[PDB]
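Undergrad: Sharing a structure here in structure tokens format.
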2 protein chains.
Amino acid sequence: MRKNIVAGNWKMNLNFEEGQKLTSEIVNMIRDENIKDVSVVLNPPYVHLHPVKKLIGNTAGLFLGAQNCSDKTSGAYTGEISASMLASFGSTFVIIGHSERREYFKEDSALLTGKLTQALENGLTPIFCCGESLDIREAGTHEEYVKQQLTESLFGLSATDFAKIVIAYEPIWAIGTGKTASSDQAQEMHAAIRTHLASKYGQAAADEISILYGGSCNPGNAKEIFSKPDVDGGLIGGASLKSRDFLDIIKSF
Amino acid sequence: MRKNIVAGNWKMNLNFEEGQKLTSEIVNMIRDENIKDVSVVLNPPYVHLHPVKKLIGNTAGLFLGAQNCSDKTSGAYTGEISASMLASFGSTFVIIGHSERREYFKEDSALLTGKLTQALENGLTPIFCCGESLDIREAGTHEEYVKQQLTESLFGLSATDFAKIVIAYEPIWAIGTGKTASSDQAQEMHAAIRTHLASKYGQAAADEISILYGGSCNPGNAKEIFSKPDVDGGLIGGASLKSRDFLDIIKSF
């Protein structure tokens, strides 16, 4: 039995006042609507975790994440944030390997495993992001490329550490390129992922992992995307910044 | 009117509870001893800014900083923190170009300029870091290497924007290498820096800039280093994490 998850990735958006307004609206609506079978995760910038954690309070099904963490435990890494820091501030999730960090900071598969180890070591549920860019699609090697990403970063994990992870598939090729990904293409990639993970850990273990769609996911298309059997929710982008749109997506299962 | 500055760079150290007790110790002793003629800056990790700002309160001469900021204003840069965010959470300083980011994240002079633009745009005092490694010392190019760093990142700045900057010199060649930098060697580099800043902006303006020593700086040698005419304080490493050592450095002018 997988969990349905909606993870809001604010990215580098919102100052203190704006983050408080957004959070308070989401918490109020989540506490009043008492959504039963969906885990919601707010992934604001580092600076927001402490006050956002406070607004969440003891809301059921609402969790605090984060957008990145160091592969190191602690030390002389000015500007970096460790997994132990995130946990201490109330984080229980952490996005690892987002396309935008692979791109601008050249996070390779080895580095992302180190991050995974730190997250798991510190009680964080990693949201491990994979996905192929447009060149990979144009080469027709998209399914091998994404399965290759998963093999190099995840197939070192124990059976018990694997059961702790969440996957997000980002159709990088379909974001700002003029190419579009259909809900069938998302289901196609998600199933390719689950079958690949089952090949190593067994079908029962693969059938418990939440694989979230990380492409363009909004109130308009959320129901159709979430309707797919191997899509277990979404890693939301710009709709994370609008409390109403975010709640609409949450209510789309 | 150069200000003497003691800026504490926690690097990637300390959880929520540790950063609060360290901060509550620094604040208590600054208030009780009535420190008057020193600017004290705490640069904790991003996650601590919000609670640390509260503890700082209206403590005179005690300010909140940060260890890095993005070169972009906002948007799809997952994991990154903007200068407006920092300003929003109480930061009035920010370290830019620290040696550990130049190394591990390959931050070049073209990127640091963007960070500088963002910092000043948002009312932050940038603590621009520079320094030369051991291989540069052995090459005999230490002074020109450091000057090139300053030229490449700082000389695009207006006269009014230059007046708002703080410099930190990191003797990377003398940090964990087995080599030692005397207080005269530090003075020599600080003097070389000031004269190089005066090449573009004039001696009067250069004589207004706080140039902080970023090498091994602690209660054992603070007074001798700070006594040097072109040393205006320190960018402190490990001693930042011990409230008594940090206060002893503050009282070493």
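Ordering of the structure tokens sets the chain letters (A, B, ...), residue numbers begin anew at 1 in every chain, and ligands are numbered from 1 in the order given.
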So which residues touch residue 166 of chain B within 8 Å, counting only C-alpha atoms, skipping near sequence neighbours fewer than 2 positions away, as a PDB file with N, CA, C and O atoms, in the first residue's frame?
TA:
```
ATOM      1  N   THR B 125      25.404  44.002   3.745  1.00  0.00           N
ATOM      2  CA  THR B 125      26.826  44.313   3.690  1.00  0.00           C
ATOM      3  C   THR B 125      27.577  43.049   3.283  1.00  0.00           C
ATOM      4  O   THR B 125      27.677  42.120   4.100  1.00  0.00           O
ATOM      5  N   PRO B 126      28.106  42.962   2.063  1.00  0.00           N
ATOM      6  CA  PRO B 126      28.792  41.721   1.662  1.00  0.00           C
ATOM      7  C   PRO B 126      30.174  41.643   2.294  1.00  0.00           C
ATOM      8  O   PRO B 126      30.931  42.617   2.288  1.00  0.00           O
ATOM      9  N   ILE B 127      30.483  40.481   2.862  1.00  0.00           N
ATOM     10  CA  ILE B 127      31.820  40.167   3.359  1.00  0.00           C
ATOM     11  C   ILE B 127      32.480  39.370   2.238  1.00  0.00           C
ATOM     12  O   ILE B 127      32.373  38.146   2.164  1.00  0.00           O
ATOM     13  N   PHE B 128      33.155  40.075   1.335  1.00  0.00           N
ATOM     14  CA  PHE B 128      33.761  39.440   0.172  1.00  0.00           C
ATOM     15  C   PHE B 128      35.066  38.773   0.586  1.00  0.00           C
ATOM     16  O   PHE B 128      35.950  39.426   1.150  1.00  0.00           O
ATOM     17  N   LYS B 164      30.166  50.105   0.439  1.00  0.00           N
ATOM     18  CA  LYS B 164      29.316  49.271   1.277  1.00  0.00           C
ATOM     19  C   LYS B 164      29.873  47.867   1.485  1.00  0.00           C
ATOM     20  O   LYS B 164      29.187  47.023   2.071  1.00  0.00           O
ATOM     21  N   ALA B 168      37.402  40.112   3.422  1.00  0.00           N
ATOM     22  CA  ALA B 168      38.027  39.120   4.285  1.00  0.00           C
ATOM     23  C   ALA B 168      39.147  38.459   3.501  1.00  0.00           C
ATOM     24  O   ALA B 168      38.939  38.052   2.354  1.00  0.00           O
ATOM     25  N   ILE B 209      37.348  51.014   4.233  1.00  0.00           N
ATOM     26  CA  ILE B 209      36.895  49.636   4.085  1.00  0.00           C
ATOM     27  C   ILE B 209      37.468  48.795   5.215  1.00  0.00           C
ATOM     28  O   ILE B 209      38.673  48.842   5.480  1.00  0.00           O
ATOM     29  N   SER B 210      36.616  48.002   5.862  1.00  0.00           N
ATOM     30  CA  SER B 210      37.073  47.040   6.858  1.00  0.00           C
ATOM     31  C   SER B 210      37.599  45.795   6.153  1.00  0.00           C
ATOM     32  O   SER B 210      36.843  45.099   5.466  1.00  0.00           O
ATOM     33  N   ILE B 211      38.884  45.503   6.338  1.00  0.00           N
ATOM     34  CA  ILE B 211      39.523  44.318   5.775  1.00  0.00           C
ATOM     35  C   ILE B 211      39.785  43.377   6.942  1.00  0.00           C
ATOM     36  O   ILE B 211      40.598  43.679   7.825  1.00  0.00           O
ATOM     37  N   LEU B 212      39.106  42.236   6.948  1.00  0.00           N
ATOM     38  CA  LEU B 212      39.145  41.307   8.066  1.00  0.00           C
ATOM     39  C   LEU B 212      40.085  40.145   7.775  1.00  0.00           C
ATOM     40  O   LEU B 212      40.138  39.638   6.652  1.00  0.00           O
TER      41      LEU B 212
END
```
Undergrad: Give me, as a ChimeraX atom specification, the residues of segment 163-246 of chain A that a backbone DSSP run labels strand (DSSP E or B).
TA: /A:166-169,211-213,233-236
Undergrad: Which residues of chain A come within 6 Å of chain B, and what is each one's closest atom pair and distance in Å (one decimal), counting only C-alpha atoms, sorted by chain and residue number, as CSV?
TA:
```
residue,atom,partner,partner_atom,distance
A:11,CA,B:78,CA,4.2
A:12,CA,B:75,CA,5.1
A:13,CA,B:74,CA,5.5
A:15,CA,B:85,CA,4.8
A:16,CA,B:88,CA,5.6
A:46,CA,B:47,CA,5.2
A:47,CA,B:47,CA,4.8
A:67,CA,B:79,CA,4.7
A:68,CA,B:79,CA,5.2
A:74,CA,B:12,CA,5.5
A:75,CA,B:12,CA,5.3
A:76,CA,B:11,CA,5.6
A:77,CA,B:12,CA,5.3
A:78,CA,B:11,CA,4.1
A:79,CA,B:67,CA,4.8
A:80,CA,B:12,CA,5.7
A:85,CA,B:15,CA,4.8
A:88,CA,B:16,CA,5.7
A:100,CA,B:77,CA,6.0
```
Undergrad: Would you pick out the contacts of residue 199 of chain B at 12 Å or less, using only C-alpha atoms, so that residues sharing its chain but fewer than 5 positions from it are not included, and give the list as a PDB file with N, CA, C and O atoms, in the first residue's frame?
TA:
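Below you can see out_25.pdb, which holds the result:
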```pdb
ATOM      1  N   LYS B 147      44.893  39.960  -5.841  1.00  0.00           N
ATOM      2  CA  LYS B 147      44.447  41.191  -6.485  1.00  0.00           C
ATOM      3  C   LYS B 147      43.541  40.891  -7.672  1.00  0.00           C
ATOM      4  O   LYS B 147      42.557  41.604  -7.908  1.00  0.00           O
ATOM      5  N   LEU B 150      40.107  40.308  -6.586  1.00  0.00           N
ATOM      6  CA  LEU B 150      39.436  41.560  -6.256  1.00  0.00           C
ATOM      7  C   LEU B 150      39.076  42.335  -7.516  1.00  0.00           C
ATOM      8  O   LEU B 150      37.956  42.841  -7.647  1.00  0.00           O
ATOM      9  N   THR B 151      40.019  42.442  -8.453  1.00  0.00           N
ATOM     10  CA  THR B 151      39.734  43.111  -9.717  1.00  0.00           C
ATOM     11  C   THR B 151      38.535  42.477 -10.412  1.00  0.00           C
ATOM     12  O   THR B 151      37.614  43.175 -10.851  1.00  0.00           O
ATOM     13  N   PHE B 155      35.710  45.485  -9.172  1.00  0.00           N
ATOM     14  CA  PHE B 155      35.961  46.743  -9.868  1.00  0.00           C
ATOM     15  C   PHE B 155      34.862  47.117 -10.853  1.00  0.00           C
ATOM     16  O   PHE B 155      34.934  48.199 -11.448  1.00  0.00           O
ATOM     17  N   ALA B 192      48.565  45.177   1.015  1.00  0.00           N
ATOM     18  CA  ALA B 192      48.520  44.992  -0.431  1.00  0.00           C
ATOM     19  C   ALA B 192      47.093  45.101  -0.949  1.00  0.00           C
ATOM     20  O   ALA B 192      46.852  45.664  -2.023  1.00  0.00           O
ATOM     21  N   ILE B 193      46.131  44.564  -0.197  1.00  0.00           N
ATOM     22  CA  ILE B 193      44.735  44.630  -0.613  1.00  0.00           C
ATOM     23  C   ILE B 193      44.252  46.074  -0.634  1.00  0.00           C
ATOM     24  O   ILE B 193      43.672  46.536  -1.624  1.00  0.00           O
ATOM     25  N   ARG B 194      44.474  46.805   0.461  1.00  0.00           N
ATOM     26  CA  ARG B 194      43.988  48.178   0.545  1.00  0.00           C
ATOM     27  C   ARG B 194      44.536  49.021  -0.597  1.00  0.00           C
ATOM     28  O   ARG B 194      43.784  49.719  -1.287  1.00  0.00           O
ATOM     29  N   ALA B 204      41.273  57.516   0.161  1.00  0.00           N
ATOM     30  CA  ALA B 204      40.249  57.875   1.135  1.00  0.00           C
ATOM     31  C   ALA B 204      39.180  56.794   1.222  1.00  0.00           C
ATOM     32  O   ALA B 204      38.855  56.308   2.311  1.00  0.00           O
ATOM     33  N   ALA B 205      38.624  56.398   0.075  1.00  0.00           N
ATOM     34  CA  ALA B 205      37.596  55.362   0.075  1.00  0.00           C
ATOM     35  C   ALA B 205      38.157  54.023   0.541  1.00  0.00           C
ATOM     36  O   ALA B 205      37.519  53.317   1.332  1.00  0.00           O
ATOM     37  N   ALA B 206      39.344  53.653   0.054  1.00  0.00           N
ATOM     38  CA  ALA B 206      39.974  52.419   0.509  1.00  0.00           C
ATOM     39  C   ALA B 206      40.257  52.454   2.004  1.00  0.00           C
ATOM     40  O   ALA B 206      40.174  51.420   2.674  1.00  0.00           O
ATOM     41  N   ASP B 207      40.576  53.630   2.546  1.00  0.00           N
ATOM     42  CA  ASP B 207      40.826  53.766   3.976  1.00  0.00           C
ATOM     43  C   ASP B 207      39.557  53.667   4.813  1.00  0.00           C
ATOM     44  O   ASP B 207      39.651  53.727   6.043  1.00  0.00           O
TER      45      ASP B 207
END
```
Undergrad: Segment 57-194 of chain A: which residues are alpha helix (DSSP H) by DSSP, as a ChimeraX atom specification?
TA: /A:83-88,99-104,109-121,134-138,142-154,159-162,183-194
Undergrad: So that I can check the surroundings of residue 176 of chain B, please list as a list in words every protein, DNA and RNA residue that reaches within 12 Å of it, counting only C-alpha atoms and ignoring chain neighbours fewer than 2 positions away.
TA: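 Using only C-alpha atoms, the neighbours found are residues 76 of chain A; 133, 134, 170, 171, 172, 173, 174, 178, 179, 180, 181, 215 and 216 of chain B.
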Undergrad: So the first atom is atom CA of residue 19 of chain A and the second is atom CA of residue 52 of chain A; what is the distance between them in Å, to one decimal place?
TA: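 Taking atom CA of residue 19 of chain A and atom CA of residue 52 of chain A, their separation equals 7.6 Å.
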Undergrad: From the options B:221, B:182, B:148, B:160, which residue's atoms come nearest to residue 251 of chain B, counting only C-alpha atoms?
TA: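 Smallest distance to residue 251 of chain B is found for B:221.
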Undergrad: Hey, can you check how far atom CA of residue 231 of chain A sits from atom CA of residue 35 of chain A?
TA: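 Between atom CA of residue 231 of chain A and atom CA of residue 35 of chain A the gap works out to 18.7 Å.
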Undergrad: Skip residue 38 of chain B itself and residues of its chain fewer than 6 positions away, then list as a PDB file with N, CA, C and O atoms, in the first residue's frame all residues within 9 Å of it, counting only C-alpha atoms.
TA:
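The result, written out as selection21.pdb:
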```pdb
ATOM      1  N   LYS B   3      35.219  50.579  10.685  1.00  0.00           N
ATOM      2  CA  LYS B   3      34.674  49.828  11.806  1.00  0.00           C
ATOM      3  C   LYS B   3      35.507  48.575  12.040  1.00  0.00           C
ATOM      4  O   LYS B   3      35.888  47.886  11.090  1.00  0.00           O
ATOM      5  N   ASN B   4      35.784  48.281  13.308  1.00  0.00           N
ATOM      6  CA  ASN B   4      36.356  46.993  13.682  1.00  0.00           C
ATOM      7  C   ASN B   4      35.238  45.961  13.740  1.00  0.00           C
ATOM      8  O   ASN B   4      34.237  46.163  14.434  1.00  0.00           O
ATOM      9  N   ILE B   5      35.399  44.865  13.005  1.00  0.00           N
ATOM     10  CA  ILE B   5      34.342  43.876  12.844  1.00  0.00           C
ATOM     11  C   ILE B   5      34.856  42.511  13.278  1.00  0.00           C
ATOM     12  O   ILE B   5      35.936  42.083  12.858  1.00  0.00           O
ATOM     13  N   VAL B   6      34.060  41.819  14.087  1.00  0.00           N
ATOM     14  CA  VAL B   6      34.272  40.415  14.413  1.00  0.00           C
ATOM     15  C   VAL B   6      33.083  39.654  13.846  1.00  0.00           C
ATOM     16  O   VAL B   6      31.961  39.782  14.351  1.00  0.00           O
ATOM     17  N   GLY B  61      25.290  46.786  18.415  1.00  0.00           N
ATOM     18  CA  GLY B  61      26.507  46.307  17.792  1.00  0.00           C
ATOM     19  C   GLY B  61      26.561  44.821  17.533  1.00  0.00           C
ATOM     20  O   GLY B  61      27.650  44.272  17.339  1.00  0.00           O
ATOM     21  N   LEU B  62      25.415  44.150  17.523  1.00  0.00           N
ATOM     22  CA  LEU B  62      25.329  42.723  17.246  1.00  0.00           C
ATOM     23  C   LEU B  62      24.369  42.523  16.085  1.00  0.00           C
ATOM     24  O   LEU B  62      23.205  42.933  16.160  1.00  0.00           O
ATOM     25  N   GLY B 233      39.818  43.518  12.051  1.00  0.00           N
ATOM     26  CA  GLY B 233      39.023  42.495  12.684  1.00  0.00           C
ATOM     27  C   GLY B 233      39.300  41.158  12.060  1.00  0.00           C
ATOM     28  O   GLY B 233      40.327  40.954  11.400  1.00  0.00           O
ATOM     29  N   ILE B 250      36.442  39.338  20.437  1.00  0.00           N
ATOM     30  CA  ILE B 250      35.755  40.625  20.371  1.00  0.00           C
ATOM     31  C   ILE B 250      36.465  41.656  21.234  1.00  0.00           C
ATOM     32  O   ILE B 250      36.526  42.842  20.887  1.00  0.00           O
ATOM     33  N   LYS B 251      37.016  41.228  22.369  1.00  0.00           N
ATOM     34  CA  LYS B 251      37.655  42.135  23.311  1.00  0.00           C
ATOM     35  C   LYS B 251      39.159  42.271  23.079  1.00  0.00           C
ATOM     36  O   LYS B 251      39.878  42.731  23.975  1.00  0.00           O
ATOM     37  N   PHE B 253      40.767  44.020  20.550  1.00  0.00           N
ATOM     38  CA  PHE B 253      41.238  45.204  19.838  1.00  0.00           C
ATOM     39  C   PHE B 253      41.954  46.144  20.799  1.00  0.00           C
ATOM     40  O   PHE B 253      41.455  46.437  21.885  1.00  0.00           O
TER      41      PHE B 253
END
```
Undergrad: Enter the distance from atom CA of residue 217 of chain B to atom CA of residue 33 of chain B, in Å, rounded to one decimal.
TA: 21.5 Å
Undergrad: Quick one: of B:165, B:129, B:56, B:146, who's nearest to residue 112 of chain B, counting only C-alpha atoms?
TA: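 Ranked by minimum distance to residue 112 of chain B, first place goes to B:129.
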Undergrad: Tell me, as a list in words, which residues lie within 7 Å of residue 41 of chain B, counting only C-alpha atoms; anything in the same chain fewer than 5 positions away does not count.
TA: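 With the cut-off at 7 Å, the set is residues 6, 7, 8, 62, 63, 64 and 65 of chain B.
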Undergrad: Generate a file of the selected residues that holds N, CA, C and O atoms, formatted as a PDB file, in the first residue's frame.
TA:
```
ATOM      1  N   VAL B   6      34.060  41.819  14.087  1.00  0.00           N
ATOM      2  CA  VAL B   6      34.272  40.415  14.413  1.00  0.00           C
ATOM      3  C   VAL B   6      33.083  39.654  13.846  1.00  0.00           C
ATOM      4  O   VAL B   6      31.961  39.782  14.351  1.00  0.00           O
ATOM      5  N   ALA B   7      33.320  38.871  12.796  1.00  0.00           N
ATOM      6  CA  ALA B   7      32.272  38.135  12.097  1.00  0.00           C
ATOM      7  C   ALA B   7      32.498  36.643  12.306  1.00  0.00           C
ATOM      8  O   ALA B   7      33.541  36.107  11.918  1.00  0.00           O
ATOM      9  N   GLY B   8      31.519  35.974  12.905  1.00  0.00           N
ATOM     10  CA  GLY B   8      31.645  34.559  13.197  1.00  0.00           C
ATOM     11  C   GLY B   8      30.963  33.655  12.185  1.00  0.00           C
ATOM     12  O   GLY B   8      29.733  33.637  12.074  1.00  0.00           O
ATOM     13  N   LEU B  62      25.415  44.150  17.523  1.00  0.00           N
ATOM     14  CA  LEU B  62      25.329  42.723  17.246  1.00  0.00           C
ATOM     15  C   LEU B  62      24.369  42.523  16.085  1.00  0.00           C
ATOM     16  O   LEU B  62      23.205  42.933  16.160  1.00  0.00           O
ATOM     17  N   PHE B  63      24.855  41.891  15.022  1.00  0.00           N
ATOM     18  CA  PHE B  63      24.137  41.829  13.760  1.00  0.00           C
ATOM     19  C   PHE B  63      24.071  40.394  13.257  1.00  0.00           C
ATOM     20  O   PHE B  63      24.875  39.536  13.633  1.00  0.00           O
ATOM     21  N   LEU B  64      23.093  40.148  12.392  1.00  0.00           N
ATOM     22  CA  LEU B  64      22.889  38.841  11.786  1.00  0.00           C
ATOM     23  C   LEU B  64      23.395  38.852  10.350  1.00  0.00           C
ATOM     24  O   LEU B  64      23.140  39.797   9.597  1.00  0.00           O
ATOM     25  N   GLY B  65      24.113  37.796   9.977  1.00  0.00           N
ATOM     26  CA  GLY B  65      24.614  37.670   8.625  1.00  0.00           C
ATOM     27  C   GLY B  65      24.102  36.432   7.926  1.00  0.00           C
ATOM     28  O   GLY B  65      22.950  36.030   8.118  1.00  0.00           O
TER      29      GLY B  65
END
```
Undergrad: Find, counting only C-alpha atoms, the residue in A:140, A:59, A:108, A:197 that gets nearest to residue 34 of chain A.
TA: A:59
